[PDB]
Amino acid sequence: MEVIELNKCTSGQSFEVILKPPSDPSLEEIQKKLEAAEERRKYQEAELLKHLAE
Amino acid sequence: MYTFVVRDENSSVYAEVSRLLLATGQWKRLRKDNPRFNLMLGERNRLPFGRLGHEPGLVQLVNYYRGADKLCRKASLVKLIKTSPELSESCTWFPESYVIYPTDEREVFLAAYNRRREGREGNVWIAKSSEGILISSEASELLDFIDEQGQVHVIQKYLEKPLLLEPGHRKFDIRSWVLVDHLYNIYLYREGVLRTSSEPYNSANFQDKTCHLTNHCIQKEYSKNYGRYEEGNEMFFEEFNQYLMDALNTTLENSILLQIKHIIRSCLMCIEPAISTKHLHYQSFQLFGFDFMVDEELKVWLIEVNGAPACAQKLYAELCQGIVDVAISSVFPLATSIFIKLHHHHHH
Amino acid sequence: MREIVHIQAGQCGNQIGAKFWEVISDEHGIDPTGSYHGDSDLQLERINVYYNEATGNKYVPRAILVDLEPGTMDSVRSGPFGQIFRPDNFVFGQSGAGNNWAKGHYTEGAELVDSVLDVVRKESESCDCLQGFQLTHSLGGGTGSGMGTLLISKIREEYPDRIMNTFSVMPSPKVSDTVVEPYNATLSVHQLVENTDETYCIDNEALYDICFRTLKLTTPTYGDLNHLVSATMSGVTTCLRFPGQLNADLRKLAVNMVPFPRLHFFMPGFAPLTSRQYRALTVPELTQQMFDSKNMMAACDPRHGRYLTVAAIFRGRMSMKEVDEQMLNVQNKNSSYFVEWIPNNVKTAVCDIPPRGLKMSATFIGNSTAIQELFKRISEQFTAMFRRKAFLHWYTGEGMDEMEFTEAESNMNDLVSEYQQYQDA
Amino acid sequence: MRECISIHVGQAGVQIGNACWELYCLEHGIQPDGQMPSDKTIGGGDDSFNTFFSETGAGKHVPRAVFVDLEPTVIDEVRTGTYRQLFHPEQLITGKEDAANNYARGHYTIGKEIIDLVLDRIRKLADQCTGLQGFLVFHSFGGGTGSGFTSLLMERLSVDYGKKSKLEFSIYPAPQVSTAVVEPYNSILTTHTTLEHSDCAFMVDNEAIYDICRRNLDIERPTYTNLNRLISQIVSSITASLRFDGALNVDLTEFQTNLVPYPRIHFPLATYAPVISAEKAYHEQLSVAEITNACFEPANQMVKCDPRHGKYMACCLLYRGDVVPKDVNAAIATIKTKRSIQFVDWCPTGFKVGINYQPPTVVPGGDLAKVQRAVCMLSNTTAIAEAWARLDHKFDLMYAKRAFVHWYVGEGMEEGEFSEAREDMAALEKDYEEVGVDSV
Ligand SMILES: Nc1nc2c(ncn2[C@@H]2O[C@H](COP(=O)(O)OP(=O)(O)OP(=O)(O)O)[C@@H](O)[C@H]2O)c(=O)[nH]1
Ligand SMILES: Nc1ncnc2c1ncn2[C@@H]1O[C@H](COP(=O)(O)OP(=O)(O)CP(=O)(O)O)[C@@H](O)[C@H]1O
Ligand SMILES: Nc1nc2c(ncn2[C@@H]2O[C@H](COP(=O)(O)OP(=O)(O)O)[C@@H](O)[C@H]2O)c(=O)[nH]1
Ligand SMILES: [Ca+2]
Ligand SMILES: [Ca+2]
Ligand SMILES: [Ca+2]
Ligand SMILES: [Cl-]
Ligand SMILES: [Mg+2]
Ligand SMILES: [Mg+2]
Ligand SMILES: [Mg+2]
């Protein structure tokens, strides 16, 4: 049970005790995903207004 | 109205528990995938303990202790005993055992095997896995069969001086049923059974495995005297006790049962802090099946612990009722105990 | 998600719609002149959901009154809260619909629908954040049924991204005006399956049985039936009209209640059942009664199906702890009636303000597969006539072909099959 | 000194943020009007508390925080509340209509039309920093905004601040206070998209906080106010090292170093004690040994699980109050011989300990009693994977029938993202099992 790296100050103190030793997508790609979803919405809405038009 | 689920259709014990519960008219059975249950009679493999105790308004109970496999696996049990201070290497009631892979203990196994080659002592050992048994005084053989297989085996000292029932000069093992409830009260069923051998023991041919293996399965098939002395090679305590009184001038309680109660309690108190559901969000109980051996010195030896045991045919009714009484009805009350409570507080 | 635009069409729609505004105006402390005289500030925190605010802090319902004849709408204007409604929001014709769906949908109503949409547009433009529309109507008549579903189709075209809710009254032979009610209902359901997010199925069969069997009213009138509806409507809109966490707007309600687009027909419930008593009702009693089939506004046995989703709303001062305990009690003791493949499908809300006359009340909103019994009933009444093409000349005279009846039938039978699919899943 | 920017998203994120900054102010002696008498360097400085607060020439101390919510009612209560003066209007951002408990609606639909605004408002704070450490992001798993918009924000923050660290404080869904049936969906979806962009995430199961409030504070039916004040104490314990003088976890980078050896396994289990009711007439103050022993009871964890049936990769003990190293080591020594604490073979069995002499501060009129010493244990145990198993099971039950899926597809999302996200969670559950379990 070894204590190590003991640091002390006015407000407190810290240390470590050992009981046993060791036995991203770019902005372009994001904007494409958001736009691809936006277009899928526009298509679904267009199909609705087409159905209602009929 | 309490609710429960069945997820092990191949369990004779809890099939009877299921029946008894329904008969009270206060327990209803749900589909095995309905989460709103009070009780789970769970499966043997990969029981989802992680999904228990997260249903508001339901006190949930399960018929298995998570981590209990440490006691109920051959390799695990050996490791547990040899690495647990409260059991230690200086364990007088467990046969000398070593875990062998096809980490491993093949190195240390041969060390003690040599002192028995040197020391002229009976150097017979048995190998088994958690079908698949061999008994021989030659280690060269033992290590070969293990490599021929593909899973972990354990080599254990074969008790060459077993107690023998007369008439017969035959082998046996004792099976005790232990119930551990949610409070971790250890209940020993007052009715055990002797799975006897129906063939005379013979310490010259360790390959004739019908007088050496007292398994009810191996006996009901490979043996030709199955059912001669007792109905299906199963002697019960009332008879075995009378036999001990007449033959050895002793009782079952004194000569054997003290050791059994000691071994059961010692094994379970060891793993208690690792599996106890005292302050958990769900609670566990479980039925265990301890298998023991008795040498000619009337000394008891632990063989294995079974985490999913079956019962003797005539003992199902009484045992299964006791499970509902102590393990289930204790948590879920309905609108001369058959158990012995294993407790002992010696001050020192 | 703030403003809701209310619409009421036809005789039934305007009469239940009128009562609805009488009730919630009292709850919000608004008087017939549109002045606030309440005591609590919970009443005005979300008043803008249903009311527009004028000068002098007058509160004007965001309501549009529609009918193809001036009869019922003259009665509304003369009624108790008649003067609260915006005069320009009264839109009416003269011909009537004669209990003909075709007249309300294709001929008579087509002539009037544009003027209604002009009023709808006016209201919608002044909305800071319009969340959608709620319609009150019957399906057995001509205007509310025929023109109501026409309005819905037009509103969706102009507002495709807003929620469409309806309080639809189902016809029953036990409370019937004409024999062609099954025709009008079937033609209307076909529209509702496609163009609404959430429909509260209010069965006249159920409303009558409650008045007769429970409330001991030997001769129930439409006024007696509407006492139950206005109470139910006040209940299911509680989460929308007051501060809350659960189902506080129409969209969030739809997300919690509608696992599949077409299965959005709800079974409303209310407790305690009242008629025009001082019994202090306990939380366990509210919980038992609200789930009781005899408190359901749709003549369907809940035990003949399974609950996909449920929304409970307790009103009054009571133990939050006890409410939770009782709601968990009904689920755990009748778990077989709630589908296991939608975990925790019962959400509960509580409001400190009870309705008028009661200390404690509970409103039930259930999406049960047992609702199919309702559509099965209409389908049988429909087929009984349609197999002989009886009374069809009323519709073919307005330009409809038999093919359109066949289609409407098949789509409602599909709806029944879809409920049965998830009842066995 | 290096700055940290807090980001609060959705109702849960904002309301928890409110409780935290309320607690920060009390602990640092900052008044509601932003003044801080004890601070003698007017109009600037680089003290430890400056990590979370900036300074104006007037002597005003302003949280380096951004509040975001797709609807205004919640953040409006901040603009009018007790600490209205504390925040600058540009820090508080609100849309008009919310994500309606829909991940896709929060991520794709509404997220797209506000994301640029939020980043620019964050950029305003980032420009005020001399050396930005990174971000602390508070949000819920269940909400549409908390799940959907957060994931979008976490993706963009990795693009605009690729070198900066990102910590999460996530609220795991609990039916006892949940407001939607589809919270399991939103959870898997946001966890999948956020996984690679988060360095260390502290999960808090509302279930755990709820029962702790019932059990230890004698609250019959806890409100978010009860939950948040408790949650804020744990968050305070975790961030205290960034705001006070010390030598353990002094930057966001060190959290990853100490608690997260494997990057995907970045969900440390938090355990806190003691939790004492302020209404408790008589209370015997608990010792170092007693509260340290409590750190290994599931009943005190932020997530209900069983660390006994898993393995540790790291363990940190954060003490606040009358505690010295000698008492800690004595307690740890006793505990080690009574409990099941098994680390992975490739890690040392040990504890990194931090002590601040100032005991826990509590809100006046709050539910928590003041104690002379408390502790928050941060342990990276594989047992937390139980929470993932619970969540993924509910997901599989609903998705097998495609229940509520149409709500997401209708927002432009593809049905494929459901299986992609679920498959990622299946991999995550498998990683935990490899590290934590031996072949039985
Ligand atoms: N602990 C805690 N949990 C909260 C709080 N507020 C909401 N939650 C949880 O968050 C989940 C819902 O997410 P919200 O944060 O409310 O929703 P949102 O982020 O505003 O996103 P929207 O759906 O667009 O409104 C529920 O499961 C709640 O239990 C809170 O103040 N404290
Ligand atoms: N160390 C030993 N010394 C002597 N005999 C032994 C022995 N180990 C096992 N046996 C014999 O093996 C028999 C049962 O084997 P074990 O006790 O290993 O159960 P099993 O695992 O073999 C059966 P199951 O697969 O149904 O659990 C005992 O009754 C005994 O006869
Ligand atoms: N609950 C209720 N139902 C009504 C009322 N008036 C008519 N109905 C029902 O609605 C159907 C008739 O539709 P109605 O609204 O009168 O015709 P419309 O004016 O063309 O919409 C019948 O099935 C009636 O049972 C009423 O005041 N209350
Ligand atoms: Ca005309
Ligand atoms: Ca300063
Ligand atoms: Ca990164
Ligand atoms: Cl950077
Ligand atoms: Mg009429
Ligand atoms: Mg025009
Ligand atoms: Mg919100």
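Every number in this text was worked out from the coordinates using simple rules, so none of it is lab data. Ideal geometry is used to build each Cβ from the backbone, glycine not excepted, and the neighbour counts take in all protein chains shown.
For the reader, a short list of remarks on this structure follows.
- With both residues required to sit in the protein assembly as shown, DSSP beta bridges show an antiparallel share near 55%.
- Looking at region B:222-314, the trypsin sites (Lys or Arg not before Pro) that sit in a DSSP loop and have at most 11 other Cβ atoms within 10 Å of their own Cβ are B:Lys224, B:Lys278.
- Here the translational diffusion coefficient of region B:99-161 follows from Stokes-Einstein with Rh set to the Kirkwood radius across Cα pairs; for 37 °C and 0.692 mPa s it amounts to 276 µm²/s.
- Over region D:384-440 - Rg/Rh using Cα atoms and the Kirkwood inverse-distance radius: 1.09
- Fewest-first ordering of D:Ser165, D:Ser340 by other beta carbons within 10 Å of each residue's beta carbon gives D:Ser340, D:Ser165.
- Fraction of beta bridges assigned by DSSP in region D:292-440 that are antiparallel (%, nearest 5): 60 percent
- When D:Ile335, D:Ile234, D:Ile110 are sorted by how many other C-beta atoms sit within 10 angstrom of their C-beta, beginning with the fewest, the order is D:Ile335, D:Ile234, D:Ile110.
- Expressed as a whole percent, the proportion of Cα-Cα pairs in region B:15-72 lying more than 19 Å apart is 35%.
- Spread over its residues, the convex hull of the C-alpha atoms of chain A is 297 Å³ per residue.
- Across chain D, the relative contact order, built from alpha-carbon pairs under 8 Å that are at least six residues apart, equals 16 percent.
- Between D:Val437 and D:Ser277, the distance separating the two model label sites (each 7 Å from Cα on the Cα→Cβ line) works out to 3.9 nm.
- Cα-derived Rg over Rh, computed across region D:1-268 with Rh taken as Kirkwood radius: 0.94
- Histogram of C-alpha separations across region C:371-425, 10 Å bin width, %: 22, 46, 24, 8, 1
- Candidate cross-link partners of C:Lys19 among the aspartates and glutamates, defined by an alpha-carbon separation under 15 Å and a same-chain spacing of 8 or more, comprise C:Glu27, C:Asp31, C:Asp74, C:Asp224.
- More than 42 Å apart - percent of Cα-Cα pairs taken over the protein assembly as shown: 54 percent
- The distance linking region B:288-348 with region C:333-366 is 46 Å (Cα centroid to Cα centroid, whole angstrom).
- In this label model, C:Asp118 and C:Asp352 are separated by 4.6 nm, measuring between points 7 Å along each Cα→Cβ vector.
- For C:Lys174 and A:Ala36, a Förster radius of 60 Å and the Cβ-Cβ distance give a FRET efficiency of 0.65, rounded to the nearest 0.05.
- Taking every DSSP bridge with both residues inside chain C, close to 35 percent are antiparallel.
- Footprinting exposure proxy for A:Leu52, C:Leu42, B:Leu302 (fewest neighbouring C-beta atoms within 10 Å first): A:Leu52, C:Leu42, B:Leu302
- Projected label points at C:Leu215 and B:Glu238, each 7 Å from Cα along the beta carbon direction, are separated by 7.2 nanometres.
- A Förster radius of 45 Å, combined with the Cβ-Cβ distance separating D:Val363 from C:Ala54, puts the computed FRET efficiency at roughly 0.55.
- Restraint check, D:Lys304/D:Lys401; A:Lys33/B:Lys32; B:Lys128/B:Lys299; C:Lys321/D:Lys112; C:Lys216/C:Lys359, Cα-Cα greater than 31 Å: A:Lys33/B:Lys32; C:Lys321/D:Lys112
- In sequence order, region B:192-207 has phi-based couplings of x, 8, 9, 6, 7, 9, 9, 10, x, 4, 8, 8, 10, 10, 7, 9 Hz under the Karplus curve 6.51 cos²θ - 1.76 cosθ + 1.60, θ = phi - 60°, and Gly or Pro positions carry x.
- With N as its number of residues, region C:260-370 has a Cα radius of gyration that, divided by 2.2 N^0.38 Å, comes to 1.05.
- Positive-end extreme of charge dipole, the protein assembly as shown - chosen from D:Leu269, C:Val60, D:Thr292 (charges on Cβ): D:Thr292
- Volume of the convex hull of chain C (Cα atoms only), normalised per residue: 133 Å³.
- FRET efficiency, B:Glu148 to B:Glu89 (Cβ-Cβ, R0 30 Å, nearest 0.05): 0.50
- Stokes-Einstein D for chain B, Kirkwood Rh over Cα pairs, 4 °C, 1.567 mPa s (µm²/s): 59 µm²/s
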